[PDB]
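See structure below.
Derivation of every value follows stated rules applied to the coordinates shown; laboratory data play no part. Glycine also receives a Cβ, built like all others from the backbone with ideal geometry; neighbour counts cover every protein chain displayed.
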Ligand SMILES: *[C@@H]1O[C@H](CO)[C@@H](O[C@@H]2O[C@H](CO)[C@@H](O[C@@H]3O[C@H](CO)[C@@H](O)[C@H](O)[C@@H]3O)[C@H](O)[C@H]2NC(C)=O)[C@H](O)[C@H]1NC(C)=O
Ligand SMILES: *[C@@H]1O[C@H](CO)[C@@H](O[C@@H]2O[C@H](CO)[C@@H](O)[C@H](O)[C@H]2NC(C)=O)[C@H](O)[C@H]1NC(C)=O
Ligand SMILES: *[C@@H]1O[C@H](CO)[C@@H](O[C@@H]2O[C@H](CO)[C@@H](O)[C@H](O)[C@H]2NC(C)=O)[C@H](O)[C@H]1NC(C)=O
Ligand SMILES: *[C@@H]1O[C@H](CO)[C@@H](O[C@@H]2O[C@H](CO)[C@@H](O)[C@H](O)[C@H]2NC(C)=O)[C@H](O)[C@H]1NC(C)=O
Ligand SMILES: *[C@@H]1O[C@H](CO)[C@@H](O)[C@H](O)[C@H]1NC(C)=O
Ligand SMILES: *[C@@H]1O[C@H](CO)[C@@H](O)[C@H](O)[C@H]1NC(C)=O
Ligand SMILES: *[C@@H]1O[C@H](CO)[C@@H](O)[C@H](O)[C@H]1NC(C)=O
Ligand SMILES: *[C@@H]1O[C@H](CO)[C@@H](O)[C@H](O)[C@H]1NC(C)=O
Ligand SMILES: *[C@@H]1O[C@H](CO)[C@@H](O)[C@H](O)[C@H]1NC(C)=O
Ligand SMILES: *[C@@H]1O[C@H](CO)[C@@H](O)[C@H](O)[C@H]1NC(C)=O
Ligand SMILES: *[C@@H]1O[C@H](CO)[C@@H](O)[C@H](O)[C@H]1NC(C)=O
Ligand SMILES: *[C@@H]1O[C@H](CO)[C@@H](O)[C@H](O)[C@H]1NC(C)=O
Ligand SMILES: *[C@@H]1O[C@H](CO)[C@@H](O)[C@H](O)[C@H]1NC(C)=O
Ligand SMILES: *[C@@H]1O[C@H](CO)[C@@H](O)[C@H](O)[C@H]1NC(C)=O
Ligand SMILES: *[C@@H]1O[C@H](CO)[C@@H](O)[C@H](O)[C@H]1NC(C)=O
């Protein structure tokens, strides 16, 4: 169940950790192209699971609007087997249990009519910290919260950017602009080429980044407000 | 073009073209400025008249002979005989394959001749008035009388010796 | 329902003249018009210091600046010469009068209205309204911290206005005599009669049609302010000069952040991360790159200054001929027959207001 | 580029780049100087016209 | 000075430029975070067993205080070649991330661990990048890391299909394919064992003994520094021309206060000229603004050596009130200070009369040798 739509103008993140004001700085880096083809995946097993392993290359833009905690984690790495090294992310209420333990199976849901890391042998770096997925509720469901994430790795380190948007009120990938502040930059030297997502028992977008040249505008408060591509259109 | 010239079709060479600042965003600007001023020069020189005048059909100006400078309809190029001699007394592809391009001017040499024809047709049936206000007609011998009156010679000299002056002008232009 | 359209260039409306043996055309009415000309006179003075630029506050780098002969005793001389000639240009253009004249207290010149160009005592700046519009249509500190200094001109823009006021007050109560000998008074209508007598029109035309001519002059001078204030780009020549200078300075100061085939573009970083004995390798590359990048700037500045001197000379000639007298050269002091001109100041430039005479209505006749 | 490997090839290429940069800057400067003296003649031609 | 800058003993009447001046810094300040935990260096050098050559034991040093003096407890230091940085200044630096690789080799190949070098260890076991920065250390270990029968724990690769890219472990027991026989695990003729062993005995000599080598790799760029030298912190001074060393950002400034609104994840500040403008204090977590130090040229106004020998100075565009550099002792001369638009004029009065101009200065003022 894969649907298709238009990515619009979305997926712009701060490239460097500096402060600039009233500048028209232009930079070349990995970005999500404007008006690209984004695949709207779909799956449900609340009537094992209905999704194979997606490919991973040059990072992923991942956006979702879930209810409370339906979608929690991620699995990265090659072949997802207990012979190579893989990465796990799980987001519960109070902490993040990110780890680089070696495993192949980590889920035994068995919905009636946990079991996490069933085989974890040689663990590695851990970065237990504050949970990522948090929401504030105004006692009304008029505005569905939208969460945007960007995952990439270049020359070491794992870069994870994120942003929350309560502006959405019934549209998928709405018109507008919103940059992403960096959240996690942690060091790991493993090799990643395959990607999969978790889901909690008892909505799902995937993109792809490419090396492009962007031109960004900063305001007097240091926040990016607009950006233009340099290959989409001759006017650009 | 810098890139094709300095580092011909080689990304490895083009990568090293950095670390030199921007030494090729200024050469382009300089050459563009030169080209723009080259386009402006001929516009300044020739475009002195707002309108385009046509030579009269019947050509008889007091006995003066202007056929050596007026346009000749026989040749399709529509040029005076003198212009033909000027055009006949004044490795190319190799430079094209090195990034050096030659641009055409924004006045083909068939409307510049129109400007020259307009100027020369205005100057023989209107004197100098068409350079200040609206063009005003005047016979040619009267215009020559006025021109003699401007170098401290009375006009009666012209009207008493006209055939001789016309013959001298024809021989001089020949 | 619009789209981009490509066509063939036109040259103008086709016109045909009716020349014959005995057929003349004579005008019966005239029209006084006011044209406008804009000329740059001078750029902005500047100065550059080698030592702070090439080798910022580092004696170790300054020691290696030798063995290159004297490549910085000549850049200073070139820039000083440019600054001196920039100071001389405005002195040549404006200082044409030995004395300073004052506008008469009671202003009544035959019905002509000069209030649009005469100084206005209400504003403390003491400038004409036209000059105010010219002054309102024409990162800075960062360059100050790199050794690039900007020097002030030796004429504040409050005595240049005095020169312009003196010229314009002399030219309305003395004609052209104040440019040759002592100033001599003369009524304005008599001066206009003399000016008409200089383009082959008898003076009795003026005295018989005076109110109409005055009204035409007032109407002509009225709308030039609106045309200047409403044209999207009328003062387009001075802004080009300012933009070119700013771009040159910006691209010169931006060149400091270039590796030039070296590990870093910061003298402090290389001087602290490495010991002296093998540090004189990257520093040489930086010095060479900066020397070339500064020589290019100096050469560009010289070439640009030549073409502005070539325009200041023309502005001085036009001030001497059009203003201090009447010019018989065709199409020099504006289109049409020339009557008079008025100067106005502008940031790094002058604006000439030419008053010209144009025939209006033609009539056919038979001549012998 | 074909007779040698990348890692030590960025030595001759630098010399070629420097030589060509100087040879092109000289051409641009000469062109500017020549264009000045032709503008100075176009102005005179316009005045004479 | 005027007579020296232009070669002559007689200077004509006018104005000349001699030299420049700059305000001088007063005191030095160093600011570092509270981190005090020592680095695990003392463990990595002093260990019991090192790994093989083909599979080195890479370690990453996280944030800690690094003292580059404990390693001197090892006496010999057969080689201490540092490439990117000078060893002497190793203490006064801050790094982003530090990698340490420790292993054991033979003497004859200790020279082979360097950028741009080929061989057997440098090509089949461990290749450094051409732009590598860091240090290498080697010491003798024959006497306490050898056996009478010998140690065969350490093996090194000898045959490989392709050249090793820098920083790429190649742990793989794949039988070499040589000749024309497609071996399928035979491991016989024309199919050799890629790894060959070592034998270490106390009866060998220099160049025939095991040496312990450790290589440290750094990376310097604009990023939050985690490893820093044991330099002591200092106090904060404001509105005074001082030189600062904020966490690797070294330079002169005044360090005033700022009203910027840095985001919680930002550290530095820039401008349109790509120059550092604002900084964040490592300890108090405030924002400071760095404006450079007063500087400018000077000029001499002389009436000519023919007339007199009295001059005046024209410090270009500096306020006399605060910084008139207050060496030829002409500074703030009594009743001889005038603040014009051009700058600080020292040595001349300012009358309220008007004459013709002799020596132009700027903004409209002229100097002369007029008598009383
Ligand atoms: C030579 O040209 C001038 C300028 O056009 C002529 O003067 C203008 O003549 C027209 C015709 O009457 C005037 O238009 C009318 O004026 C009345 C005045 O009350 C007004 O009420 C009408 O609405 C209309 O505008 C015009 O005002 C006048 N120009 C000026 C400045 O007074 C002149 O007549 C021409 N010479 C000959 C011999 O025709
Ligand atoms: C104006 O001059 C031209 C060229 O001298 C004359 O053309 C010649 O005319 C004669 C007699 O008609 C011919 O024999 C020649 O062959 C013509 N020469 C050319 C090149 O065509 C022309 O006739 C003169 N105009 C007038 C009105 O006599
Ligand atoms: C002067 O007289 C000529 C000839 O009579 C006029 O030119 C003609 O004008 C009429 C009226 O518009 C046209 O129908 C003819 O075609 C014209 N002849 C030519 C050869 O062009 C001329 O217009 C008159 N002058 C003015 C100012 O009207
Ligand atoms: C000269 O022209 C100015 C501007 O057109 C005239 O000033 C105007 O005068 C009228 C009537 O006195 C006022 O209603 C306007 O408000 C004035 N405009 C401005 C901008 O002040 C001036 O009166 C004219 N001179 C004479 C002698 O009439
Ligand atoms: C995205 O790709 C699919 C598959 O080829 C295609 O049908 C769809 O039109 C594409 N999207 C757009 C906006 O063209
Ligand atoms: C969330 O995970 C942390 C880390 O394992 C654990 O201490 C905590 O009890 C968990 N909370 C819930 C509600 O599962
Ligand atoms: C995991 O660790 C065990 C014991 O620590 C070891 O025997 C095994 O080889 C390791 N797995 C690897 C290296 O893949
Ligand atoms: C990652 O693993 C895949 C599959 O083993 C391999 O094809 C790829 O070259 C590896 N990439 C890196 C950088 O090690
Ligand atoms: C910048 O932040 C201030 C502080 O609240 C706010 O008043 C102002 O509107 C902001 N401006 C912009 C352009 O975001
Ligand atoms: C003008 O004079 C020429 C010369 O005789 C004659 O041929 C022509 O017919 C005349 N035209 C008119 C309109 O008088
Ligand atoms: C080295 O380590 C051993 C044990 O690991 C310890 O006994 C010894 O004191 C240490 N020596 C030094 C100099 O660190
Ligand atoms: C360092 O210690 C001082 C003293 O308590 C404290 O005020 C400051 O916040 C500390 N800073 C950091 C970064 O720990
Ligand atoms: C001033 O200059 C003249 C020039 O020859 C010289 O003769 C004279 O001696 C000079 N004045 C003095 C005091 O030396
Ligand atoms: C000196 O002058 C400058 C600018 O003219 C001014 O900013 C500064 O405050 C002045 N000094 C003092 C002590 O006021
Ligand atoms: C000269 O002018 C200055 C500035 O107005 C004033 O301070 C000073 O007192 C004046 N001196 C005399 C003698 O009038």
- Sorted largest first, extent of the range E:265-343 alpha carbons per principal axis (Å): 67, 26, 23
- Message: Treating the range A:3-236 as a set of equal point scatterers at the Cα positions, no solvent, please give the Debye-formula log₁₀ I(q)/I(0) at q = 0.11, 0.12 Å⁻¹.
- Response: -0.62, -0.74
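Kindly state, as a whole number, the per residue volume in cubic angstrom of the convex hull around the alpha carbon atoms of the protein assembly as shown.
Details: hull volume 377.8 nm³, N = 1199.
In the protein assembly as shown, the Cα convex hull volume per residue is 315 Å³.
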- Query: Once the convex hull of the C-alpha atoms of chain E is built, how many Å³ does it hold per residue, rounded to a whole number?
  - Reply: 264 Å³
- Task: Compute the separation of the alpha-carbon centres of the range C:83-156 and the range A:27-87 and state it in Å as a whole number.
- Result: 68 Å
- Query: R0 = 56 Å: FRET efficiency of residue C:332 with residue E:351, Cβ-based, nearest 0.05?
  - Reply: 0.75
- Query: Taking a label point 7 Å from the Cα of residue A:168 along the Cα→Cβ vector, which residues of the range A:144-160 have an amide N closer than 17 Å to it?
  - Reply: A:144-151
- Message: I want to check the label-to-label distance for residue D:44 and residue C:44. Put each point 7 Å from Cα in the C-beta direction and report it in nm to one decimal.
- Response: 3.6 nm
- Item | the range E:200-233 and the range A:155-232: distance between their alpha carbon centers, rounded to Å | 39 Å
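How high is the relative contact order of the range E:1-150, given as a whole-number percent (alpha carbon pairs under 8 Å, six or more residues apart)? Provide the component values of the computation, followed by the final result.
Values: 133 pairs, mean separation 37.0, N = 150.
About 25 percent, as a whole number.
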- What value does chain C have for Rg/Rh, both radii from Cα atoms and Rh as Kirkwood defines it? 1.13
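Set the Förster radius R0 to 41 Å, insert the Cβ-Cβ distance between residue B:172 and residue E:2 as r into 1/(1 + (r/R0)^6), and round the FRET efficiency to 0.05. Walk me through the numbers before you get to the answer.
Numbers: r = 68 Å, r/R0 = 1.66.
My answer for the efficiency is 0.05.
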- Message: With just the Cα atoms defining each centre, how far is the range C:44-66 from the range C:192-255? Give it in Å.
- Response: 46 Å
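If we count other beta carbons within 10 Å of each Cβ, what is the order of B:80, C:272, fewest first?
On the way: B:80 20, C:272 16.
Least crowded to most crowded, the residues run C:272, B:80.
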- Two pseudo-spin positions, 7 Å from Cα along C-beta at residue C:314 and at residue A:39, lie apart in nanometres by 6.6 nm
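When the helix-only estimate is applied to the protein assembly as shown (DSSP H runs of n ≥ 4, each -39,500 (n - 2.57), divided by the residue count), what is the mean residue ellipticity at 222 nm, nearest 500 deg cm²/dmol?
Numbers: 25 runs with 286 residues, N = 1199.
The per-residue figure over the protein assembly as shown is -7500 deg cm²/dmol.
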- Query: How long is chain B along each principal axis, judged by its Cα atoms, biggest number first, in Å?
  - Reply: 84, 33, 27
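Just to verify a number: FRET efficiency for residue E:30 and residue B:22, C-beta to C-beta distance, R0 = 45 Å, to 0.05? Working shown, then result.
Details: r = 37 Å, r/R0 = 0.82.
It comes to 0.75.
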- Tell me the label-point distance for the pair residue E:340, residue C:239, using the 7 Å Cα-to-Cβ offset, in nm and rounded to one decimal. 3.5 nm
